[PDB]
Protein chains: 4
Amino acid sequence: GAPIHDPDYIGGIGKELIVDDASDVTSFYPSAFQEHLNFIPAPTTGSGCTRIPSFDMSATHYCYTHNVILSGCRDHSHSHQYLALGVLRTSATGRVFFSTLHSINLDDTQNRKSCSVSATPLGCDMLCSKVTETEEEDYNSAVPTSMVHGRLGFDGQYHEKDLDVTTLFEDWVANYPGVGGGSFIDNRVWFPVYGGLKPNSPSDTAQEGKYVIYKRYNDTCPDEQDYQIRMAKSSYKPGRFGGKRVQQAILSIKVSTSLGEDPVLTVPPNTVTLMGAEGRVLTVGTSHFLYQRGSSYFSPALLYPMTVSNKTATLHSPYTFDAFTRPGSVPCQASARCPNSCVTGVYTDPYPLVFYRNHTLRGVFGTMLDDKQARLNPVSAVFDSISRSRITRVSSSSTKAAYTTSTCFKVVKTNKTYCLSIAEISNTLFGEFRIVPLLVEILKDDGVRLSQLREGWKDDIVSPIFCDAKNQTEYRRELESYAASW
Amino acid sequence: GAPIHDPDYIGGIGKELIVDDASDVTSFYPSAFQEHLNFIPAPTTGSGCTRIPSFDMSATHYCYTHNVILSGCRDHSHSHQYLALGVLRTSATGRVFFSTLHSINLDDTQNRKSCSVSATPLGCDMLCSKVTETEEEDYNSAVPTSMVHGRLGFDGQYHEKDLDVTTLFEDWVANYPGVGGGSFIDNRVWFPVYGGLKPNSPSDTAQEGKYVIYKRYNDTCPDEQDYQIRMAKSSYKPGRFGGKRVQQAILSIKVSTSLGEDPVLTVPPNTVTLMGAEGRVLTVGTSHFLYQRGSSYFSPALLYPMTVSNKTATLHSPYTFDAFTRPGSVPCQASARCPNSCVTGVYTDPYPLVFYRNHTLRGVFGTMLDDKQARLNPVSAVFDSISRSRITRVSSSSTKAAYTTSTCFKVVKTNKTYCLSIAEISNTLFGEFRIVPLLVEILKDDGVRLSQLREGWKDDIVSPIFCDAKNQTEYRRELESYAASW
Amino acid sequence: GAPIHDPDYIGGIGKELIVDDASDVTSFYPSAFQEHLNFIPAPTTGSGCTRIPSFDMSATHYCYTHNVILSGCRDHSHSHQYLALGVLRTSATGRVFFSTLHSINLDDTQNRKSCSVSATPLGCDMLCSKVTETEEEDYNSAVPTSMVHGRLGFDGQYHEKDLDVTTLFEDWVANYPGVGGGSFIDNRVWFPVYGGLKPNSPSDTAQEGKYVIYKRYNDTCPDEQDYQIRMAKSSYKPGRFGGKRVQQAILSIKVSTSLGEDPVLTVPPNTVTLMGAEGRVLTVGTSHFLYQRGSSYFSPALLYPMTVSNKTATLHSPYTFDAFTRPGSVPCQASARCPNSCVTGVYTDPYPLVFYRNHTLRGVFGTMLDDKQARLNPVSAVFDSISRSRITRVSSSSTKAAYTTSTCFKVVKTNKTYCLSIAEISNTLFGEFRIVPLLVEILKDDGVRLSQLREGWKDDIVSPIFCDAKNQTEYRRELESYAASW
Amino acid sequence: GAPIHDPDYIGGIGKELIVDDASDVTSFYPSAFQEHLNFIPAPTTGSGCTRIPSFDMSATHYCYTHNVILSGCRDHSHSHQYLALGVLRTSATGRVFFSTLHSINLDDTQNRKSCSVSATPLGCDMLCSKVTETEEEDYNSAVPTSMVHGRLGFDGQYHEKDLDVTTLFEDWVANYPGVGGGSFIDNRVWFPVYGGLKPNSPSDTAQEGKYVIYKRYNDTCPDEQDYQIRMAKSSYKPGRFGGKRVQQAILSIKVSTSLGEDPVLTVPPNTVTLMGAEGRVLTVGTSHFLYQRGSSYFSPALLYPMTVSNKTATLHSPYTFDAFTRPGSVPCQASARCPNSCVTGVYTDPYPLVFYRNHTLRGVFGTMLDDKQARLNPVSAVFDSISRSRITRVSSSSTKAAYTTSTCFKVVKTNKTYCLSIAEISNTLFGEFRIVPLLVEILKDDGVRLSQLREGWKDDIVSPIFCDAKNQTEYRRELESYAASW
Ligand SMILES: *[C@@H]1O[C@H](CO)[C@@H](O[C@@H]2O[C@H](CO)[C@@H](O)[C@H](O)[C@H]2NC(C)=O)[C@H](O)[C@H]1NC(C)=O
Ligand SMILES: *[C@@H]1O[C@H](CO)[C@@H](O[C@@H]2O[C@H](CO)[C@@H](O)[C@H](O)[C@H]2NC(C)=O)[C@H](O)[C@H]1NC(C)=O
Ligand SMILES: *[C@@H]1O[C@H](CO)[C@@H](O[C@@H]2O[C@H](CO)[C@@H](O)[C@H](O)[C@H]2NC(C)=O)[C@H](O)[C@H]1NC(C)=O
Ligand SMILES: *[C@@H]1O[C@H](CO)[C@@H](O)[C@H](O)[C@H]1NC(C)=O
């Protein structure tokens, strides 16, 4: 009944990709991006933008979707959504390309933002928040954000249902999906979530006093012991929301012919998770991961080994990768070693790649925006706990960068490992944001930087190409203004 | 068996959308660009470009293709092709989109150039040239170009046959399809083709001494009578090709389960056609038309009415639209009123729109490159024999552009006529070129721009935004250089 | 669109040839072999052989094919395939002969083995397995063998679709087409198929306990009931295949403009079929058949009456012909009356010839290899359930032979029933097997051998002619080695 | 209207294939035999043989025919004639293989013997004699042999016209075409013909006293001058014909829509040509040849330079190749250096292969029967004036053989020169003779007989394979008795 995949993929899809205990994680590096076919539509109107891609790689199919903001790129503006389910396919020449069996376009009045999608046996499942108001008004709204549920089936038809926000979220002021891909666990699909908590509610006094700190590396926070505790605490209550607690949430909805059956929220204790934020839930073989965005003071990409028992989820000590960082505010940037209360950053997810014999994780792959402050210079690299492998530049100079979601799959019949980072980059004319399906293969560092590098750089015309701007580097300044987030 | 269309589109597809004798031509007009899902793939590759698009609209379905060069944008260079078939559907809100049902992506060792495609009952029929050598090299090859005739089934599987060139094209040095595709007439499909002839052959001796001169409205050439003839003659033997005679053609193949069954080559007298160049065969109502790109002296768009009998065709003097002009090299430019030997211009196709009570053609639609010299500033307006209506600018400033293909259909249920224009635009990052399906509706001028006019301009970052360059206007020099062509 | 046949043949093909309840079956006999123009190519290489023919006769055309080993005659080795489609034609003198209208010779890199063909409304459909490995290697290969469905269209062109085995054959370790061809029925083509099953697979569990014993006429096995059952049961798991069950299978594809569309795999109960082997799917008048080779304990020829309902055929207790035998290894040879586990014999099909008044089958014709043990002495003859007619020998003495596939038809104009056997015969120089189409007319014994009898024997030089060898009759020993096989 | 060929050959048919004044003639040698698809029919009847192949290759098509005896191999026996025309094609992988485009098999009461065939502009033009009587009975028949003009057209049908022999042949007792085909020149065809002459008739009294002595090589003839002159003369009155003069003659008919129009008989002087016999007419490029069979005392092959003026041909002093010999009766064998009155030999023709800059012949190709006395050991080799290159053996040991006609062509695209030898070889079962399309590629001797030889030999089973015969070499006797001719 399900589309499944092509002959060559089955067996290498959604499983531990690389296990070697003799080799080093950094010995694995990405090749130059490979030519394939685009399943991601391109902007027609030169007015509004399109951003926020979501991807989940099933053993069977794949699910992807993004949001289209009709006019202006502003968060709250009236928006559409394009969801697409598909299947890997290999051409007559045996080249790799993603294929879309069924897509959908929602043009209606109702709004959807931070739609996350996961792959489940029944179809494409996505959890969207319905926004009739803006960010500020919603935190001012004691009524949980109207949330819904939908499934794109292999039949192509789309059926939706509106979950009960009041009951589920009664302790929540605002509720949004973690924007990232979820995954299918024990016959119920799980999505990450984040949001603010009502003052003095059952769930708020629950995380009260709870906090945690994770250091970066060799260099350690120069602040005193009792000083590290304070900043870590108030982080959960940023000024943006005026002393509201943003908690990390995890939603578990059973996958059944009945849409939205037995919704169950699972909140990890704050002695584990940092300030609530958007992210992605991953399952590699028997392993389960919850990816948290760097919205907090901590730059290095985080993967929380997670488990599920009795409809509820457990979170353990997060996997950190130091070379893999993200841009953010002044208090919280790629170089920040201390705790603080701030709002900045961006979504870039590592997808588990390299593993040990005991099956524990060691190093991964990611498409990172390489920079300290503004969101810039997309770069693809393979990571371990400490540093990252040789990289591949999306373009020379620096180019406008945004949310990136990476996924790695294996081709059994060719015995070759592939990774697809779905990325947002400056679209210039046509609305400033065009998401691209980049394709790459992991290689082995053993051999004879052969003097021919197509991964060295790539050509961006938006900075260069007539006038050389002006070289006193208010350009850096004008660039850092050129970067728009949230 | 066939997909047909939505119940909405049936009845308004491929016909005369507007017939009024009491309406002035320029009094209709395009809308601002409408929002729709893009059915056209975007470059993954950060190396080569994506060029030479083609389109046809069947009473049932649509057929489209575009060629992808793997290294650089050069004409001869090795390239994959991408073809697809799709339908016209209406979403839940009644919105207008074009869905691709089945697409094929050609990765093989065969290098296909200038591919013409038509929508046919049995599927998508495509005429392509496989090219072993470069342009000059093949005009040095007394051997006619090698070609193919394929069809993409509704079943998704794509078949191809190599048609016999040595027999059929025998008098030709080189033979190329006309890009934008011919159409389905009388249980056989007809494609546009141009190319070089074997000097003093059967055909070369046929078009010898034959010519025709086409003047411009209200503007007459100051040159002497004999002179004009002397030129116009030499128009068919341009310098680039060395005394050889460049000829126009249309190819008729009988649509059948077998591919390429019974090829018949229709060669018109030059007493009618200008220097052979690329084009399109269009069918609207009972009306057949053949577009010729303006690749020699005559700028105004040319629609040659066409009759069909005995597997061959016959041409009659073209419908001249003096409102519709293309850029070109200095000798033949949007302005030029005299005959001149030259090779320049671009493919911009007029689509028949308004007709009289006697069934003759009145006005047409299209996107034109607005400029005298090079390819720049695409625009979409309505035209009659002389002037042109209020336009819709695809960009403010001026940006690099290319071939554009316009097509107009009617939505019967809502009784709303729409126009699709597929244009190529400088893509900067990702290979300099991208093929966009622009959307436009036909509206009535009668009324009161409201002092809003969002259709006026569209932003472009290519040229401006860090520097503005050097107003010294050597800018226009490099902007002219930013144009890439054949 | 069809080529059909010559008007003299029309009405005699694919029907019941003889109905007399009054005449004795064995009163009908083959003439002496007839002179006709041979449509089956003969070897060029003085190295590899050419073996394994398959033939099916449409009411319009015919379809024949054979594999060719490029070097050596060994099964696994690289093999071309020649497929032809042709027609019955009558010369000026009315002399019957077979004509090839179009042909395709597949020399490519894909290995096609055990190829079956069938005459269908669209052309020549055929079903081949492509083999990467030796049979040995593939019964260990948990993966089912790749198969392809090609068709040669009257247009002369040839197209392939490799059907997707992982899903269709999923319960099979290896899978092969039944050599001798299938027939076109109910707007879908049906093929003979065999292979091994995965232990404890849905199919395997389905056949567990299932078996049948077929007994020889007038000769009954002395072995006690228990024993026979045990032996019989073992027949399905010969030790050559290592205790995997060897299963007979029928394959149906719906013949359509799309090759290999909507396959359905019909696995009969072993409560009926014997051990899996090659075969032929026959259609005679309103009746249908499945020929099964004698590859296990049961010597006589087998036709299974086959009813077709719901794309899945059904089978019934088989017609047997007790004097139509096949050579076999000691446990299972011409004379074998008991059940035993073995793999032997040769493909020689009966073609239903004579019928009763109720349309049931009464007797058949065909070419049998006449000897108890090895492959030797081809003889053509008419058979009934019990014994056989006056015969005709392809040669005096005893010649190495192989598969035979016979087909009988009637020329109504003259009212003369004829029969074609395509036979595998030793070729001496040129590769040891030459596939030849012998031709014969059927006759009523009522009449007067006139003391002429040119049908008695034919001269073979491969045994005699400079020496006569050594009468010690170790000749027999060597002669039995002159036979090669599978 | 002709079929032409596949585009890859054009320009490689009927021209000087090899011109190097630097290379040694014997440095060009044949390949091992090549795998291809056999276009010549294979025997069905196990009684009568199939003999006497003729061939001519025009740049458009080819023409081949052969005779089929019904019972026994005896010349005069009633026999069918097969004629077919075809077109060189290359496969998917570019393999050379011939194809029969059209064929007719003549079963009528007429007998066509010693049939020659020439590919012309209008089709396959063949010339046969219709034989009522035996060879004896005919040369005692004062009346000239009835002959005929057939043609096989592209439309597929075949017409025939009997030319007036009484008027044309008046001076002859008997007349037959030269077997191997002649070729078309200047809007009229030319055939090889030999036969007898009425005593004291104009043609006979002309050739009286005219004779030619051709000396082999460094081995000369010791007999004195008168003894030689006298035998050289006797050479034209062999006993077989009883003092009737055997003459060589060339037949020229006009090639038109009306068969038999304007026949002309050119008879060259005996001061040039040896005793008359079967032969071939070869137009290679700008030159013309005639191959006289070795039917007389001259062992080496013979190519007479042949010029044409006034519809009547003319010959010149012949090209001798001493290496390329033929077997015959005792007085005239491979080794005969002197003149003699005898009748033997066989048709094995040289095909012009290597040339000089002045367009004079240097060496040829051919398949020769290598032996002094009887017809045995087919071998392919490249010859020059004196010696021969490395050779290809159609088999090991000594296999019964017969006429060989051969022609060489080039494949332009791949630029490779091939050669086709059509040759008669012992068939054992199924008729004692089989005509086979033997294929080869010519090679450069430059290189290193690499220690891997498949051309070394080939395997025949008719001498060997049980009993080793008996070694006293009455075997050579029984062998030389296993060869039958004429
Ligand atoms: C699986 O094996 C790996 C390799 O030994 C373990 O990795 C070590 O973990 C310890 C404990 O944290 C560290 O002190 C070492 O630095 C790690 N070594 C390396 C090379 O990474 C890992 O702990 C094991 N996993 C489990 C669950 O036992
Ligand atoms: C169809 O109607 C149109 C519009 O009246 C005709 O076009 C006119 O043709 C006449 C005669 O050649 C010209 O004098 C006018 O200048 C044309 N008018 C325009 C606006 O182009 C056309 O002739 C009619 N078709 C036929 C075949 O009679
Ligand atoms: C079809 O006809 C055949 C021949 O008449 C029938 O076969 C006979 O069946 C009867 C009844 O069992 C037996 O007594 C005879 O021995 C059979 N004859 C032969 C030659 O086998 C057959 O029964 C008929 N089919 C049906 C369904 O009745
Ligand atoms: C097969 O036949 C049965 C009985 O008519 C019918 O119910 C069923 O629908 C058929 N199967 C298919 C797939 O059409």
# chains A, B, ... in the order shown; residues from 1 in each chain; ligands from 1

call {"tool": "residues_around", "arguments": {"residues": "stretch 112-119 of chain B", "least_positions_apart": "4", "cutoff": "8 Å", "atoms": "only C-alpha atoms", "output": "VMD selection string"}}
result
chain B and resid 52 54 to 58 61 to 67 79 to 81 123 to 131 176 to 184 189 191 to 192

call {"tool": "residues_around", "arguments": {"residues": "residue B:358", "least_positions_apart": "2", "cutoff": "12 Å", "atoms": "only C-alpha atoms", "output": "list in words"}}
result
residues 19, 20, 21, 286, 287, 354, 355, 356, 360, 361 and 362 of chain B

call {"tool": "residues_around", "arguments": {"residues": "residue B:5", "least_positions_apart": "3", "cutoff": "7 Å", "atoms": "only C-alpha atoms", "output": "number ranges by chain"}}
result
B: 9-10, 60-61, 87-89

call {"tool": "write_last_selection", "arguments": {"atoms": "N, CA, C and O atoms", "output": "tab-separated table (two decimals), in the first residue's frame"}}
result
chain	number	residue	atom	x	y	z
B	9	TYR	N	-11.18	23.58	-16.41
B	9	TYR	CA	-10.44	24.05	-17.58
B	9	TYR	C	-10.98	23.58	-18.93
B	9	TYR	O	-10.79	24.26	-19.94
B	10	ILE	N	-11.64	22.43	-18.95
B	10	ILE	CA	-12.21	21.92	-20.19
B	10	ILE	C	-13.13	22.95	-20.86
B	10	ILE	O	-14.02	23.52	-20.22
B	60	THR	N	-6.13	18.43	-23.89
B	60	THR	CA	-6.12	17.59	-22.69
B	60	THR	C	-5.06	18.03	-21.67
B	60	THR	O	-5.40	18.42	-20.56
B	61	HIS	N	-3.79	17.95	-22.06
B	61	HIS	CA	-2.67	18.15	-21.13
B	61	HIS	C	-1.61	19.12	-21.66
B	61	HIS	O	-1.75	19.70	-22.74
B	87	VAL	N	-0.92	18.38	-16.01
B	87	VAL	CA	-2.31	18.72	-16.23
B	87	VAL	C	-2.61	20.07	-15.61
B	87	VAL	O	-1.80	20.59	-14.84
B	88	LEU	N	-3.75	20.66	-15.99
B	88	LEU	CA	-4.25	21.90	-15.40
B	88	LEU	C	-5.35	21.63	-14.40
B	88	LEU	O	-6.44	21.19	-14.76
B	89	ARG	N	-5.07	21.91	-13.13
B	89	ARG	CA	-5.99	21.58	-12.06
B	89	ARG	C	-6.39	22.81	-11.27
B	89	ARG	O	-5.73	23.86	-11.35

call {"tool": "atom_distance", "arguments": {"atom1": "atom CA of residue A:291", "atom2": "atom CA of residue A:303"}}
result
4.8 Å

call {"tool": "interface_residues", "arguments": {"of": "chain D", "to": "chain B", "cutoff": "10 Å", "atoms": "only C-alpha atoms", "output": "PyMOL selection string"}}
result
chain D and resi 3-4+6-7

call {"tool": "residues_around", "arguments": {"residues": "residue A:47", "least_positions_apart": "2", "cutoff": "12 Å", "atoms": "only C-alpha atoms", "output": "ChimeraX atom specification"}}
result
/A:43-45,49-50,68-74,427-433 /B:32-35,394-395,454-455,457-460

call {"tool": "residues_near_ligand", "arguments": {"ligand": "ligand 4", "cutoff": "8 Å", "atoms": "only C-alpha atoms and all ligand atoms", "output": "number ranges by chain"}}
result
C: 309-311

call {"tool": "select_by_dssp", "arguments": {"residues": "stretch 111-281 of chain B", "states": "strand (DSSP E or B)", "output": "PyMOL selection string"}}
result
chain B and resi 112-120+123-130+146-152+158-161+172-177+184-185+188-197+216+219+246-253+263-266+279-281

call {"tool": "residues_around", "arguments": {"residues": "residue B:338", "least_positions_apart": "5", "cutoff": "12 Å", "atoms": "only C-alpha atoms", "output": "MDAnalysis selection string"}}
result
chainID B and resid 213:217 219:225 227:232 235 296:299 331:333

call {"tool": "write_last_selection", "arguments": {"atoms": "C-alpha atoms", "output": "PDB file, in the first residue's frame"}}
result
ATOM      1  CA  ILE B 213      11.341  42.015 -47.727  1.00  0.00           C
ATOM      2  CA  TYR B 214       9.137  43.005 -44.809  1.00  0.00           C
ATOM      3  CA  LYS B 215       8.840  46.677 -43.889  1.00  0.00           C
ATOM      4  CA  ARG B 216       7.821  48.428 -40.665  1.00  0.00           C
ATOM      5  CA  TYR B 217       4.572  50.318 -40.070  1.00  0.00           C
ATOM      6  CA  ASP B 219       8.450  53.862 -41.063  1.00  0.00           C
ATOM      7  CA  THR B 220       9.976  53.306 -44.502  1.00  0.00           C
ATOM      8  CA  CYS B 221      13.583  52.627 -45.502  1.00  0.00           C
ATOM      9  CA  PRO B 222      15.460  55.579 -47.111  1.00  0.00           C
ATOM     10  CA  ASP B 223      17.616  53.202 -49.155  1.00  0.00           C
ATOM     11  CA  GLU B 224      17.210  52.652 -52.911  1.00  0.00           C
ATOM     12  CA  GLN B 225      14.976  49.955 -54.382  1.00  0.00           C
ATOM     13  CA  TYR B 227      19.790  48.104 -52.781  1.00  0.00           C
ATOM     14  CA  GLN B 228      17.111  46.689 -50.468  1.00  0.00           C
ATOM     15  CA  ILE B 229      16.729  43.692 -52.743  1.00  0.00           C
ATOM     16  CA  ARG B 230      20.500  43.294 -52.864  1.00  0.00           C
ATOM     17  CA  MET B 231      20.650  43.255 -49.075  1.00  0.00           C
ATOM     18  CA  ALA B 232      17.597  41.082 -48.400  1.00  0.00           C
ATOM     19  CA  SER B 235      20.182  38.131 -45.684  1.00  0.00           C
ATOM     20  CA  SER B 296      17.576  38.289 -39.060  1.00  0.00           C
ATOM     21  CA  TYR B 297      16.840  41.970 -39.758  1.00  0.00           C
ATOM     22  CA  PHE B 298      13.088  42.117 -39.023  1.00  0.00           C
ATOM     23  CA  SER B 299      12.404  42.897 -35.354  1.00  0.00           C
ATOM     24  CA  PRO B 331      22.706  46.251 -37.388  1.00  0.00           C
ATOM     25  CA  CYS B 332      19.334  44.579 -36.574  1.00  0.00           C
ATOM     26  CA  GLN B 333      17.868  46.100 -33.415  1.00  0.00           C
TER      27      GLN B 333
END

call {"tool": "closest_residue", "arguments": {"among": "A:104, A:17, A:386, A:212", "to": "ligand 1", "atoms": "only C-alpha atoms and all ligand atoms"}}
result
A:386

call {"tool": "residues_around", "arguments": {"residues": "residue D:463", "least_positions_apart": "4", "cutoff": "9 Å", "atoms": "only C-alpha atoms", "output": "PDB file with N, CA and C atoms, in the first residue's frame"}}
result
ATOM      1  N   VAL C 462      28.198 -38.366 -37.781  1.00  0.00           N
ATOM      2  CA  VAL C 462      28.883 -38.043 -36.526  1.00  0.00           C
ATOM      3  C   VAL C 462      29.265 -39.288 -35.722  1.00  0.00           C
ATOM      4  N   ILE C 465      31.764 -43.703 -40.289  1.00  0.00           N
ATOM      5  CA  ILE C 465      32.321 -43.246 -41.591  1.00  0.00           C
ATOM      6  C   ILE C 465      33.820 -43.173 -41.945  1.00  0.00           C
ATOM      7  N   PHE C 466      34.750 -43.089 -41.001  1.00  0.00           N
ATOM      8  CA  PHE C 466      36.072 -43.648 -41.284  1.00  0.00           C
ATOM      9  C   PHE C 466      36.416 -44.887 -40.470  1.00  0.00           C
ATOM     10  N   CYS C 467      35.638 -45.171 -39.428  1.00  0.00           N
ATOM     11  CA  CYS C 467      36.115 -46.214 -38.530  1.00  0.00           C
ATOM     12  C   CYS C 467      35.043 -47.142 -37.958  1.00  0.00           C
TER      13      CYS C 467
ATOM     14  N   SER D 397      42.181 -30.059 -38.487  1.00  0.00           N
ATOM     15  CA  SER D 397      42.082 -31.192 -39.394  1.00  0.00           C
ATOM     16  C   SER D 397      41.727 -30.756 -40.813  1.00  0.00           C
ATOM     17  N   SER D 398      40.939 -31.570 -41.496  1.00  0.00           N
ATOM     18  CA  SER D 398      40.644 -31.293 -42.888  1.00  0.00           C
ATOM     19  C   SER D 398      39.164 -31.494 -43.135  1.00  0.00           C
ATOM     20  N   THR D 399      38.457 -30.411 -43.418  1.00  0.00           N
ATOM     21  CA  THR D 399      37.017 -30.502 -43.505  1.00  0.00           C
ATOM     22  C   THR D 399      36.571 -30.278 -44.931  1.00  0.00           C
ATOM     23  N   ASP D 468      39.490 -42.728 -33.888  1.00  0.00           N
ATOM     24  CA  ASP D 468      40.796 -42.341 -34.407  1.00  0.00           C
ATOM     25  C   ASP D 468      41.042 -42.946 -35.792  1.00  0.00           C
ATOM     26  N   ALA D 469      39.964 -43.335 -36.462  1.00  0.00           N
ATOM     27  CA  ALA D 469      40.069 -43.966 -37.769  1.00  0.00           C
ATOM     28  C   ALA D 469      41.084 -45.099 -37.711  1.00  0.00           C
ATOM     29  N   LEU D 479      39.581 -39.827 -47.450  1.00  0.00           N
ATOM     30  CA  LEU D 479      39.344 -38.391 -47.368  1.00  0.00           C
ATOM     31  C   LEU D 479      39.255 -37.759 -48.750  1.00  0.00           C
TER      32      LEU D 479
END

call {"tool": "residues_around", "arguments": {"residues": "residue B:252", "least_positions_apart": "6", "cutoff": "8 Å", "atoms": "only C-alpha atoms", "output": "list in words"}}
result
residues 188, 189, 190, 191, 263, 264, 265, 266, 311 and 312 of chain B

call {"tool": "write_last_selection", "arguments": {"atoms": "N, CA and C atoms", "output": "PDB file, in the first residue's frame"}}
result
ATOM      1  N   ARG B 188      -1.123  14.008 -37.034  1.00  0.00           N
ATOM      2  CA  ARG B 188       0.324  14.035 -37.083  1.00  0.00           C
ATOM      3  C   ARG B 188       0.801  15.318 -36.420  1.00  0.00           C
ATOM      4  N   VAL B 189       2.024  15.297 -35.908  1.00  0.00           N
ATOM      5  CA  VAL B 189       2.563  16.446 -35.194  1.00  0.00           C
ATOM      6  C   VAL B 189       3.569  17.205 -36.063  1.00  0.00           C
ATOM      7  N   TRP B 190       3.592  18.530 -35.932  1.00  0.00           N
ATOM      8  CA  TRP B 190       4.446  19.370 -36.770  1.00  0.00           C
ATOM      9  C   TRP B 190       5.421  20.189 -35.927  1.00  0.00           C
ATOM     10  N   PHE B 191       6.713  20.071 -36.216  1.00  0.00           N
ATOM     11  CA  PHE B 191       7.708  20.823 -35.463  1.00  0.00           C
ATOM     12  C   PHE B 191       8.428  21.840 -36.338  1.00  0.00           C
ATOM     13  N   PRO B 263       8.154  10.402 -41.608  1.00  0.00           N
ATOM     14  CA  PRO B 263       8.612  11.798 -41.585  1.00  0.00           C
ATOM     15  C   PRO B 263       8.403  12.512 -42.924  1.00  0.00           C
ATOM     16  N   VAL B 264       7.865  13.727 -42.896  1.00  0.00           N
ATOM     17  CA  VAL B 264       7.742  14.527 -44.112  1.00  0.00           C
ATOM     18  C   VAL B 264       8.192  15.976 -43.890  1.00  0.00           C
ATOM     19  N   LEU B 265       9.244  16.386 -44.600  1.00  0.00           N
ATOM     20  CA  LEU B 265       9.851  17.709 -44.428  1.00  0.00           C
ATOM     21  C   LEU B 265       9.266  18.780 -45.346  1.00  0.00           C
ATOM     22  N   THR B 266       8.716  19.821 -44.738  1.00  0.00           N
ATOM     23  CA  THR B 266       8.024  20.859 -45.484  1.00  0.00           C
ATOM     24  C   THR B 266       8.921  22.072 -45.660  1.00  0.00           C
ATOM     25  N   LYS B 311       0.242  15.992 -45.767  1.00  0.00           N
ATOM     26  CA  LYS B 311       1.367  15.770 -44.859  1.00  0.00           C
ATOM     27  C   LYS B 311       2.399  16.899 -44.882  1.00  0.00           C
ATOM     28  N   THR B 312       2.260  17.811 -45.839  1.00  0.00           N
ATOM     29  CA  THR B 312       3.113  18.992 -45.892  1.00  0.00           C
ATOM     30  C   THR B 312       2.326  20.218 -45.446  1.00  0.00           C
TER      31      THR B 312
END
